[PDB]
Structures are given as structure tokens and as C-alpha cells.
Amino acid sequence: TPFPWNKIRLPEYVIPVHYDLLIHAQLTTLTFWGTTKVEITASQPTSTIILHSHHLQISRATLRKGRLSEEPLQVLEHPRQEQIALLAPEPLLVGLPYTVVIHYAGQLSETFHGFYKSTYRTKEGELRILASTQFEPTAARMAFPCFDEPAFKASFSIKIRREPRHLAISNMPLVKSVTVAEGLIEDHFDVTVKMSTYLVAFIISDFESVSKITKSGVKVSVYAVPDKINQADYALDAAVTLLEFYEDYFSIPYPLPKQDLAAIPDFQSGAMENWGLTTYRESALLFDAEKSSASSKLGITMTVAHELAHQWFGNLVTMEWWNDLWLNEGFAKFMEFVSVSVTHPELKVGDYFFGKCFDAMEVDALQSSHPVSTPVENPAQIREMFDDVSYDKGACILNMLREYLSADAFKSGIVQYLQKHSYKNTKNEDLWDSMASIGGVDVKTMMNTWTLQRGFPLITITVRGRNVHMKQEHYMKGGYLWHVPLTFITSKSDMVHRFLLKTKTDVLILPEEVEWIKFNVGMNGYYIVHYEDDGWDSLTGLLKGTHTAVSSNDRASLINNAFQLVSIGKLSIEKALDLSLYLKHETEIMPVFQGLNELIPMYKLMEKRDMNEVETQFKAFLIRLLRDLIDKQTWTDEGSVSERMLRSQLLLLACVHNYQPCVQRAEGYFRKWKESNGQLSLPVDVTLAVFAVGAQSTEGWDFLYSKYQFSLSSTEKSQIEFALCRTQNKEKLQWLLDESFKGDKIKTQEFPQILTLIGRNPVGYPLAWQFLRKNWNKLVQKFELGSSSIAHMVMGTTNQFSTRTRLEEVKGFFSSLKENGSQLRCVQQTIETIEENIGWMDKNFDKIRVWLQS
Ligand SMILES: O=C(CN1C(=O)CSc2ccc(Cl)cc21)NC1(C(=O)O)CCCCC1
Ligand SMILES: [Zn+2]
């Protein structure tokens with residue numbers, strides 16, 4: 001019998017309203033069984049129900065009407081479309097309720113998606129097995145058969161059968177636990193509100209918990225393994241504050257009685273926003289006040305803010321289809337900064353936002369970047385939407401739109417959009433309609449330019465007395481027109497002046513002549529700026545003579561833009577390097593980090609070429625440039641989060657480049673720490689430098705690795721992994737890859753990061769690209785084609801190559817995969833990146849060699 005449906009998308013005429021899911025997982029055999037009952041209605045007469053199912057063995061399917069009548073359903077499967085077809089003996093009557101009942105079995109996934117196995121070892125040595133879920137985007141169909149597309153919203157009543165030794169949690173509160181046959185307990189959770197299948201969640205584990213109630217009465221809890229629940233308090237307090245913030249900000253209460261935050265021992269992404277049961281990597285939630293870094297504290301706060309923003313932007317209101325995933329992700333990413341700027345003002349997170357926009361511009365400058373909203377169909381293409389364009393470009397265009405409309409008008413537009421579309425699905429046009437309903441400024445033409453075209457513009461400024469000429473063109477490495485909300489300040493006015501450039505060119509007249517003008521104030525706009533004539537000389541002079549004339553983020557924007565303009569031949573590498581010399585007097589984290597972001601990649605290219613002399617001189621130039629700031633750092637955990645992050649990065653950079661004052665200090669801490677058998681608490685902020693130096697000897701590497709198995713600190717485990725990956729012993733590098741790939745000694749959730757760190761090691765970088773090619777199939781099976789993890793592995797191991805032989809290795813390898821990876825967007829991105837690295841190094845290597853000598 002041929003399969004009666006030939007489309008990836010399900011039919012539109014059979015709609016679910018409610019699911020009753022009974023799941024029994026047997027954690028000793030890793031088998032699970034389920035009974036799914038789905039209440040549906042048909043709007044057309046049909047005798048066939050198509051729905052999703054992947055890797056489930058269906059034993060029986062029946063159609064109930066009512067007066068109960070049952071009819072057996074015949075089951076057909078189309079595994080490539082991940083669909084099943086259920087055939088009824090007579091047509092369903094239009095508009096009447098029916099209930100499809102499906103009994104099935106499956107095996108817990110050994111990946112990080114679907115209903116999957118997670119393990120950990122107690123401090124006492126016992127291996128413990130738990131089961132958890134990760135469904136977004138298309139894996140709910142691996143746990144229960146369903147209409148697995150986000151616009152088929154429905155309510156869900158979940159029942160879990162489990163051994164008495166385990167705890168089960170799910171989206172909603174536990175309302176009853178009933179003893180059933182064969183020594184099991186069946187937990188019944190309350191019915192969810194109407195929501196997408198990808199948000200269903202359930203966990204069977206040994207977790208402990210802590211809780212706190214919001215002012216609105218919502219019970220917030222953190223769940224973690226017993227040995228780590230003592231690290232839950234920071235996240236619990238942050239979650240209560242952030243949930244209260246969003247309820248007030250949006251004027252829409254959180255609608256469930258409780259919100260859980262569960263730290264899972266094995267987790268692929270950072271976290272997931274399942275309604276009522278948000279999940280996290282342990283590193284993204286758990287804070288050890290003695291060993292966690294300042295960056296970790298900031299990251300937990302932002303991750304909790306992101307998952308809680310999604311309760312409104314993603315859960316309450318959901319994109320209709322994955323082409324518009326940015327409506328969920330760009331908003332959640334932007335709301336991290338809107339919220340944490342108010343809830344945790346000590347973190348000064350608004351100061352860091354622009355860096356996310358420069359992350360998006362790296363990808364979006366390439367010829368094959370995709371528009372923010374773009375068509376996708378199959379699961380791998382949908383997973384590719386979880387990328388820096390949806391998250392970071394999405395947040396950056398919303399920031400630009402909020403600055404343009406004003407925070408109050410943008411907030412009113414948010415609130416109207418969330419209220420109007422509550423418990424429903426949206427597309428881009430709904431957001432523009434809401435934003436314009438405030439009848440306010442129409443946003444559709446402008447925002448279509450930022451969502452339906454790839455890339456961003458270069459704005460060129462030419463000043464002739466009071467006349468300021470503006471032009472826009474597409475910025476691309478290797479037709480476009482936007483509505484660009486420009487901003488500028490000048491030597492005579494630090495008010496933010498606004499000008500909307502909707503055309504190829506325009507002109508404005510300053511009230512009086514100025515000494516300099518600086519566009520894109522605060523880097524709040526998604527564009528870059530070039531200045532003709534003496535413009536770059538004037539801004540270089542401003543940075544050299546009176547750098548505080550513009551904000552720290554404005555100085556970071558000039559550093560980034562100057563180097564981006566070298567790439568397209570608008571500014572010479574010598575002039576961009578001359579501008580970077582001002583950094584000898586820079587004190588602030590954002591412009592220092594932007595200088596590292598532009599200069600460090602240049603030596604990473606040199607490390608993989610026959611360029612020892614220039615590589616050495618370039619690294620010496622970088623340390624000389626920042627030497628005074630490096631020397632001023634204390635070897636402590638003092639200061640604000642920015643002061644701490646700046647210290648840690650600078651000491652690590654200095655030690656990696658063998659700056660003897662820092663190496664000697666790091667060697668002394670490592671020796672004292674090792675001689676004390678690790679008793680001695682080191683300042684967290686110097687730990688990366690200390691461990692990186694210590695792991696350079698065989699005794700130090702072995703000692704550091706010996707402490708890894710006992711650590712309960714996600715920061716300490718991360719710092720040890722980083723340091724071990726800096727070894728120049730290739731047998732130890734291969735061991736790190738083999739062992740993290742296997743997941744026993746080092747968990748596989750760390751393998752993507754370890755592979756990129758080894759891909760960036762100056763001696764062992766070939767091993768990482770080699771490992772990726774040899775183990776590709778298993779890596780795809782574990783992490784999935786199209787995943788952000790596979791994208792980071794492909795870029796991480798290849799995007800610092802700069803020869804035509806390496807470019808052909810990448811093209812030849814990936815083209816040979818055919819359906820198993822040749823068409824990945826990350827592969828085209830890394831090819832275009834290597835093509836740019838080849839051209840940039842051919843054009844600029846000798847110029848840099850001469851500049852360093854002069
Ligand atoms: O270079 C890298 C990693 N890395 C890149 O690979 C190119 S993108 C990048 C941007 C900024 C910074 Cl701080 C590092 C970057 N890390 C160090 C190194 O030399 O490998 C140098 C810093 C100390 C830690 C080591
Ligand atoms: Zn998100």
C-alpha cells in the first residue's frame with residue numbers, strides 16, 4: 001500500500017485539541033512504552049489521519065468516537081517524512097470530536113534529543129541513570145506520536161509510570177500519585193494550557209530541589225542532582241526576580257502555578273524553555289560562590305532571563321513556522337538585556353549588547369548568509385535556524401527598532417502583540433502590525449528590509465563644511481537597500497542626533513562646522529560606517545589624543561569598523577593598525593576586547609602557516625600594546641564583573657604568550673596549589689592563567705586532570721578542560737578528543753568545545769579537523785545534522801585555515817558526504833570564511849610584516 005501523503009508538512013484539515021500522554025520508562029533496560037490519546041476534529045471528510053512518529057514501534061492504533069465506538073486503525077509508516085498514516089474503516093464526520101489512541105514502545109535515545117538517557121556519578125562513585133526530554137524543534141515525535149508542528153497547539157495531560165525510587169516532574173504540578181501493578185507508581189500532572197508539542201517535558205531522576213514563591217504566588221524551584229543542589233540559590237533568586245520583572249513588564253501574568261529550572265547532567269544546547277519545566281546545562285544554572293567565574297555568574301543570569309522571556313516570547317506566542325524562529329529567539333535574546341539591565345544593574349549588561357551584533361555581522365557579511373526570515377522544510381534545515389542570525393541579528397534589529405520608536409512605544413507594541421496573539425501563532429507581519437498600532441509610525445517597509453534581505457549596509461559619510469553626505473551600499477566580503485535609522489554625535493554636540501536614511505543617498509546640514517562626527521552612537525545600529533577624506537585620520541586622532549571624548553562602546557565600534565573596512569579595501573591595514581595603537585591607553589573592557597577580537601584572529605591564521613617570524617613579532621606587538629594594562633592587574637577576585645572578566649582574560653593572554661612577569665607568578669600559584677594537594681583556594685580570576693601554565697608540564701597536566709574527577713564546579717571543570725587543551729603533547733590532545741567523544745571521563749556535552757579548543761592549539765590544530773572527518777558519522781548521529789553543535793565543530797576546526805590546499809580539503813570532504821552534510825549552511829560559511837582568509841592574507845601579510853618592522 002503506497003503512503004497516502006507526499007508532503008513534509010502535515011495536512012491542514014485534521015486538528016488536535018488535547019493529548020493524554022501516558023509514558024512508562026524502564027531505566028534499567030532503557031525501554032519506554034506509551035499510550036497517546038489525541039482528541040481531534042476533521043474539517044474535511046477523511047478516512048486517513050497523518051501525523052508524526054520517529055523510531056516508535058506502534059503496536060495498536062484505534063479511533064474512538066463518543067456511546068463509545070471504537071474502530072481499529074490500520075497503520076502505515078513513511079520513515080523519511082517521519083510520518084505515520086492511520087486508516088479508519090469509514091470516514092470521520094466533519095466537526096465532530098474523535099480520539100485517536102496509539103500504543104507504542106521505544107528505546108531511550110543515546111543522543112541529547114528526544115526522550116534521552118543522562119547519567120552522572122555520585123561523589124561516592126555510584127553511576128546514576130536518569131531520563132529527560134529535549135524536543136525543540138522536531139523531536140517530540142520521538143517520544144509520542146503527534147501533530148509535531150508548532151502551529152498545531154493543544155493542551156496536554158501527562159501521566160508517568162515510574163519506580164518508587166525515582167521522582168518525576170513535568171510541565172505542570174503533580175496532582176496525584178497512584179500505585180499501579182508490578183511495583184510502579186503512576187504520577188498524574190495537571191493539564192497544560194494550549195501550547196506547541198515542542199514544549200512538552202518530563203524528567204525521571206533522583207533530583208533534589210529548592211523553592212521560593214514569587215509575589216504573584218508562582219512556586220519557582222531549582223532541581224539538580226543531590227551533590228549540586230547547594231549550588232542552586234543564585235539561580236533560584238534570579239529566576240524569582242526575573243519572572244516578577246516580566247509579569248510586570250508585559251502586564252501579562254505567568255499562567256501556570258509553578259516554574260521549575262532543572263540542571264541536567266547531559267545537555268546539548270545551553271538551556272530550553274519548556275513551559276513550566278525549563279532545563280539547563282549544569283554550567284548554565286549552578287553557581288558555586290567560591291569557584292564560579294564572574295562570566296559564569298553573568299551567563300547564569302542571562303540564561304535564566306532568556307528562558308523566562310520565552311514564557312511569553314515563544315510559549316504564549318509562538319512563530320507559526322520555523323521560517324520565523326527569530327520571533328521567538330531574537331526576542332528572547334534581546335529581552336535578556338532589557339530585563340537584566342533592571343534586575344541586576346551591577347552587571348551593567350547593556351554595555352555588552354553590541355558585541356552580539358558584531359557576532360552576527362561576522363556571519364552576515366558573507367555572500368551566502370540567509371535573511372532573518374527564510375524558508376525551511378526538513379528537520380536539519382529547521383535546526384540550522386538556531387544560529388547567530390536568528391538570535392543575535394534578531395536581537396540587534398529589535399534593539400535598533402526600539403531605539404528608533406523609543407522604549408515606551410516599543411513596549412506598548414510588545415504588549416499589544418503578546419495580548420492579541422496569546423495562545424496562538426504569529427508571522428513577521430503580525431509584529432509589524434502590532435508595532436504600528438501604537439496609528440503610530442509604520443514599521444513594515446523598514447523592518448522588511450532588515451528581515452527579508454541578508455546582510456547589512458555600509459554607510460559612507462563625506463563631510464564638506466556643514467554638508468554631511470550619506471550613502472548606503474551592501475557590505476559584503478568577496479541592489480540592496482535598507483531603511484537605516486542613523487544616529488550621530490559630533491565634536492560640538494553629544495546629543496544623539498537621528499536621521500532616517502531610506503534611500504541610496506541623502507544629505508543633512510550641520511548647524512555649524514565640527515572637528516569630527518561619529519555615526520552609530522553606542523553601536524545601537526546594525527550597520528557599519530566608513531568616513532571619506534580625512535575622516536579616519538580625525539577619528540584616529542580623537543582616539544589618540546582624547547579617547548574619552550566618545551563612550552567605551554563608541555571606541556569599540558571604531559576599532560571593529562576600521563578592521564572590517566580593510567576587508568573590503570576601504571581602509572588600509574596600516575591605517576587600521578595605526579588606529580589600534582591608541583589601545584596602549586585604553587582601560588575599558590569593551591574596546592580592549594574588541595581589539596583582541598580583531599587582532600587575535602590575525603595571528604591564529606599565522607599559526608597555521610609558514611610565518612614564524614611575523615607571527616612572533618605580531619604576538620610581541622599585541623603584548624606590548626596591552627602591557628601597561630596587563631601589569632596593572634591584581635591577582636585577586638576584586639572589583640566589578642567587568643573588572644574581573646578583564647583581569648582574567650588579560651592574565652591568560654599574557655601567560656599564553658610567555659610574558660615572563662605573568663608566567664612566573666602563575667607558576668608560583670600552580671606550585672603552591674599542587675604542593676597543598678589543591679587545598680589552597682586560588683583566586684578564580686587567575687585560575688585560567690594558573691592552570692594553563694601548570695598544564696604545560698607532564699606532571700602539571702597529570703595533576704590537573706587528577707582533580708577533574710572530583711570537581712562539582714562547572715567553572716573549575718571548564719577551566720581544567722581549557723588548560724588541558726593547551727598541551728603541546730599530541731598524544732594528550734588525541735586522548736582529550738577520544739575521551740570526550742566517548743563521554744566516560746569527560747562528558748560528550750564538552751566535546752564540541754574541546755574539539756574547537758584543540759583546533760585552535762598552535763601545535764595540535766590538524767588533529768581536530770582530522771578527528772571531525774574521521775568521526776563525522778558518529779558525531780552527526782550524536783548531535784544531528786543542522787545543529788548548532790555540528791555548525792560550531794565545522795567552523796571551529798576549519799575557519800582559521802588560509803591556504804588553497806586547506807580550502808580544497810574542506811570542499812572535497814563535505815561534497816563527498818552527499819545527503820549526510822554536503823548542503824549544510826555551516827559548510828558554505830566556513831568555505832567563504834577560508835576564501836576570505838586566503839585573500840586577506842595574500843593582500844595584507846607583507847603589509848603587516850613591513851608595518852611591524854617600521
Ligand atoms: O586565540 C584564542 C581564541 N580566539 C581565537 O581563536 C580567534 S577569535 C578570538 C577572539 C578573542 C579572543 Cl580573546 C580569542 C580568540 N585564544 C588564545 C590563543 O592564542 O589561542 C588567546 C587568548 C588567550 C587564550 C588562548
Ligand atoms: Zn531561546
# chains A, B, ... in the order shown; residues from 1 in each chain; ligands from 1
>>> residues_around(residues="residue 682 in chain A", least_positions_apart="4", cutoff="12 Å", atoms="only C-alpha atoms", output="ChimeraX atom specification")
/A:290-293,635-637,666,668-674,676,678,686-691,716
>>> select_by_dssp(residues="range 156-320 of chain A", states="helix (DSSP H, G or I)", output="PyMOL selection string")
chain A and resi 197-199+226-231+233-250+282-284+294-309
>>> residues_near_ligand(ligand="ligand 2", cutoff="10 Å", atoms="only C-alpha atoms and all ligand atoms", output="list in words")
residues 269, 270, 271, 272, 273, 303, 305, 306, 307, 308, 309, 310, 313, 314, 325, 326, 327, 328, 329, 330, 331, 332, 333, 386, 390 and 391 of chain A
>>> closest_atom_pairs(of="chain A", to="ligand 1", cutoff="8 Å", atoms="only C-alpha atoms and all ligand atoms", output="JSON lines")
{"residue": "A:593", "atom": "CA", "partner": "ligand 1", "partner_atom_place_in_ligand_line": "13 (Cl)", "distance": 6.8}
{"residue": "A:594", "atom": "CA", "partner": "ligand 1", "partner_atom_place_in_ligand_line": "11 (C)", "distance": 7.8}
{"residue": "A:596", "atom": "CA", "partner": "ligand 1", "partner_atom_place_in_ligand_line": "11 (C)", "distance": 5.0}
{"residue": "A:597", "atom": "CA", "partner": "ligand 1", "partner_atom_place_in_ligand_line": "10 (C)", "distance": 4.0}
{"residue": "A:598", "atom": "CA", "partner": "ligand 1", "partner_atom_place_in_ligand_line": "10 (C)", "distance": 7.1}
{"residue": "A:599", "atom": "CA", "partner": "ligand 1", "partner_atom_place_in_ligand_line": "10 (C)", "distance": 8.0}
{"residue": "A:600", "atom": "CA", "partner": "ligand 1", "partner_atom_place_in_ligand_line": "7 (C)", "distance": 5.5}
{"residue": "A:601", "atom": "CA", "partner": "ligand 1", "partner_atom_place_in_ligand_line": "7 (C)", "distance": 4.4}
{"residue": "A:603", "atom": "CA", "partner": "ligand 1", "partner_atom_place_in_ligand_line": "19 (O)", "distance": 7.8}
{"residue": "A:604", "atom": "CA", "partner": "ligand 1", "partner_atom_place_in_ligand_line": "6 (O)", "distance": 6.0}
{"residue": "A:649", "atom": "CA", "partner": "ligand 1", "partner_atom_place_in_ligand_line": "23 (C)", "distance": 6.6}
{"residue": "A:650", "atom": "CA", "partner": "ligand 1", "partner_atom_place_in_ligand_line": "23 (C)", "distance": 7.7}
{"residue": "A:652", "atom": "CA", "partner": "ligand 1", "partner_atom_place_in_ligand_line": "23 (C)", "distance": 5.2}
{"residue": "A:653", "atom": "CA", "partner": "ligand 1", "partner_atom_place_in_ligand_line": "23 (C)", "distance": 4.1}
{"residue": "A:654", "atom": "CA", "partner": "ligand 1", "partner_atom_place_in_ligand_line": "23 (C)", "distance": 7.7}
{"residue": "A:656", "atom": "CA", "partner": "ligand 1", "partner_atom_place_in_ligand_line": "23 (C)", "distance": 6.1}
{"residue": "A:657", "atom": "CA", "partner": "ligand 1", "partner_atom_place_in_ligand_line": "19 (O)", "distance": 7.6}
{"residue": "A:757", "atom": "CA", "partner": "ligand 1", "partner_atom_place_in_ligand_line": "20 (O)", "distance": 7.7}
{"residue": "A:760", "atom": "CA", "partner": "ligand 1", "partner_atom_place_in_ligand_line": "6 (O)", "distance": 5.6}
{"residue": "A:761", "atom": "CA", "partner": "ligand 1", "partner_atom_place_in_ligand_line": "20 (O)", "distance": 6.0}
{"residue": "A:762", "atom": "CA", "partner": "ligand 1", "partner_atom_place_in_ligand_line": "20 (O)", "distance": 7.2}
{"residue": "A:800", "atom": "CA", "partner": "ligand 1", "partner_atom_place_in_ligand_line": "6 (O)", "distance": 7.8}
>>> closest_atom_pairs(of="range 763-833 of chain A", to="range 465-481 of chain A", cutoff="12 Å", atoms="only C-alpha atoms", output="JSON lines")
{"residue": "A:829", "atom": "CA", "partner": "A:477", "partner_atom": "CA", "distance": 11.8}
{"residue": "A:831", "atom": "CA", "partner": "A:478", "partner_atom": "CA", "distance": 11.7}
{"residue": "A:832", "atom": "CA", "partner": "A:478", "partner_atom": "CA", "distance": 8.2}
{"residue": "A:833", "atom": "CA", "partner": "A:477", "partner_atom": "CA", "distance": 9.1}
>>> closest_residue(among="A:138, A:296, A:368, A:640", to="residue 321 in chain A", atoms="only C-alpha atoms")
A:138
>>> decode(residues="range 166-311 of chain A", atoms="C-alpha atoms", output="short mmCIF file (atom, residue, chain, number, x, y, z; two decimals), in the first residue's frame")
data_model
loop_
_atom_site.label_atom_id
_atom_site.label_comp_id
_atom_site.auth_asym_id
_atom_site.auth_seq_id
_atom_site.Cartn_x
_atom_site.Cartn_y
_atom_site.Cartn_z
CA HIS A 166 12.55 7.94 41.21
CA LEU A 167 10.98 11.37 41.12
CA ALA A 168 9.07 12.50 38.02
CA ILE A 169 8.49 16.17 37.12
CA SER A 170 6.78 17.65 34.06
CA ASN A 171 5.35 20.93 32.75
CA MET A 172 2.54 21.16 35.33
CA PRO A 173 2.13 20.39 39.03
CA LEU A 174 1.81 16.84 40.25
CA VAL A 175 -1.84 16.36 41.25
CA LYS A 176 -1.87 12.67 42.29
CA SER A 177 0.37 9.59 42.53
CA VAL A 178 -1.36 6.22 42.27
CA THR A 179 0.10 2.77 42.95
CA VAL A 180 -0.34 0.59 39.83
CA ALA A 181 0.60 -3.03 39.04
CA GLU A 182 4.08 -4.53 39.34
CA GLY A 183 5.50 -2.14 41.95
CA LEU A 184 5.15 1.06 39.90
CA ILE A 185 3.65 4.45 40.70
CA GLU A 186 1.73 6.48 38.17
CA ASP A 187 2.09 10.26 38.65
CA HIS A 188 -0.66 12.45 37.14
CA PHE A 189 0.26 16.03 36.20
CA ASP A 190 -2.34 18.77 35.69
CA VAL A 191 -3.41 19.69 32.16
CA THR A 192 -1.23 22.27 30.43
CA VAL A 193 -2.52 25.44 28.81
CA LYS A 194 -2.70 25.32 24.95
CA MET A 195 0.87 25.01 23.64
CA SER A 196 3.14 23.53 20.97
CA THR A 197 4.34 19.91 21.13
CA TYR A 198 7.98 21.01 21.30
CA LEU A 199 7.39 22.45 24.79
CA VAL A 200 6.28 19.17 26.44
CA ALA A 201 8.79 17.98 29.01
CA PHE A 202 9.27 15.30 31.62
CA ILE A 203 12.18 14.08 33.71
CA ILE A 204 12.59 10.88 35.77
CA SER A 205 15.52 11.30 38.18
CA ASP A 206 16.87 11.45 41.73
CA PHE A 207 16.94 15.30 41.81
CA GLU A 208 16.76 17.38 44.93
CA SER A 209 15.04 20.81 44.83
CA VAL A 210 14.77 24.22 46.45
CA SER A 211 11.91 26.68 46.04
CA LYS A 212 10.78 30.25 46.54
CA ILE A 213 7.36 31.85 45.79
CA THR A 214 7.02 34.99 43.66
CA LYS A 215 4.89 37.97 44.77
CA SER A 216 2.27 36.67 42.27
CA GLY A 217 2.14 33.28 44.04
CA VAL A 218 4.08 31.21 41.48
CA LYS A 219 6.20 28.46 43.04
CA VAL A 220 9.68 28.65 41.45
CA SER A 221 12.02 25.70 42.04
CA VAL A 222 15.52 24.67 41.05
CA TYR A 223 16.19 20.95 40.62
CA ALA A 224 19.63 19.40 40.48
CA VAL A 225 21.49 16.23 41.43
CA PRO A 226 21.76 15.93 45.25
CA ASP A 227 25.50 16.68 45.29
CA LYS A 228 24.89 20.04 43.49
CA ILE A 229 21.59 21.38 44.97
CA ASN A 230 23.77 23.52 47.29
CA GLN A 231 24.66 25.49 44.13
CA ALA A 232 21.05 26.35 43.28
CA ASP A 233 20.40 29.50 45.28
CA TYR A 234 21.75 32.14 42.88
CA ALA A 235 19.57 30.88 40.04
CA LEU A 236 16.55 30.44 42.28
CA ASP A 237 16.74 34.06 43.43
CA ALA A 238 17.44 35.32 39.92
CA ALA A 239 14.52 33.35 38.48
CA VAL A 240 12.05 34.78 41.02
CA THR A 241 13.25 38.36 40.33
CA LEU A 242 13.19 37.87 36.55
CA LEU A 243 9.75 36.16 36.49
CA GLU A 244 8.38 39.11 38.55
CA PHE A 245 10.07 41.55 36.19
CA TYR A 246 8.47 40.02 33.09
CA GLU A 247 4.99 39.72 34.66
CA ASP A 248 5.07 43.43 35.44
CA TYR A 249 6.81 44.49 32.20
CA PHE A 250 4.45 42.65 29.87
CA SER A 251 1.32 43.21 32.00
CA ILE A 252 0.53 39.51 31.40
CA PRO A 253 0.83 37.17 34.36
CA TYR A 254 2.76 33.92 34.09
CA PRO A 255 -0.20 31.50 33.71
CA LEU A 256 0.99 28.29 35.44
CA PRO A 257 1.17 27.61 39.18
CA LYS A 258 4.85 26.75 39.16
CA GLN A 259 8.06 27.19 37.19
CA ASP A 260 10.90 24.71 37.50
CA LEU A 261 14.54 25.16 36.44
CA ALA A 262 16.26 21.79 36.16
CA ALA A 263 20.02 21.30 35.75
CA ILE A 264 20.58 18.21 33.57
CA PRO A 265 23.91 16.35 33.77
CA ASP A 266 23.95 15.91 29.93
CA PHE A 267 22.56 18.69 27.79
CA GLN A 268 23.38 19.78 24.23
CA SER A 269 22.47 23.43 23.99
CA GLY A 270 22.69 25.90 26.89
CA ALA A 271 19.06 25.58 28.08
CA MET A 272 15.46 25.09 26.88
CA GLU A 273 12.26 26.92 27.75
CA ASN A 274 9.74 24.08 28.23
CA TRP A 275 6.68 25.74 29.74
CA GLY A 276 6.77 25.16 33.50
CA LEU A 277 9.93 23.00 33.28
CA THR A 278 12.88 24.90 31.90
CA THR A 279 16.06 22.82 31.53
CA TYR A 280 19.72 23.76 31.59
CA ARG A 281 23.25 22.56 31.32
CA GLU A 282 24.58 22.40 34.91
CA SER A 283 27.09 25.10 33.79
CA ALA A 284 24.27 27.42 32.77
CA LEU A 285 22.44 27.27 36.13
CA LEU A 286 24.60 26.21 39.04
CA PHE A 287 26.75 28.72 40.88
CA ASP A 288 29.49 27.90 43.41
CA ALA A 289 30.26 31.14 45.25
CA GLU A 290 33.87 30.04 45.77
CA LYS A 291 34.79 28.59 42.37
CA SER A 292 32.41 30.07 39.77
CA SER A 293 33.78 32.78 37.49
CA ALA A 294 32.33 36.26 37.05
CA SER A 295 31.50 35.31 33.41
CA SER A 296 29.61 32.25 34.74
CA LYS A 297 27.57 34.39 37.15
CA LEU A 298 26.67 36.74 34.28
CA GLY A 299 25.90 33.77 31.99
CA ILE A 300 23.53 32.09 34.50
CA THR A 301 21.68 35.38 34.95
CA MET A 302 21.33 35.90 31.19
CA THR A 303 20.37 32.26 30.54
CA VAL A 304 17.65 32.35 33.18
CA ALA A 305 16.47 35.72 31.73
CA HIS A 306 16.38 34.15 28.25
CA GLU A 307 14.42 31.06 29.24
CA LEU A 308 11.97 33.17 31.26
CA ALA A 309 11.48 35.67 28.39
CA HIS A 310 10.48 32.69 26.27
CA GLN A 311 7.49 32.01 28.54
#
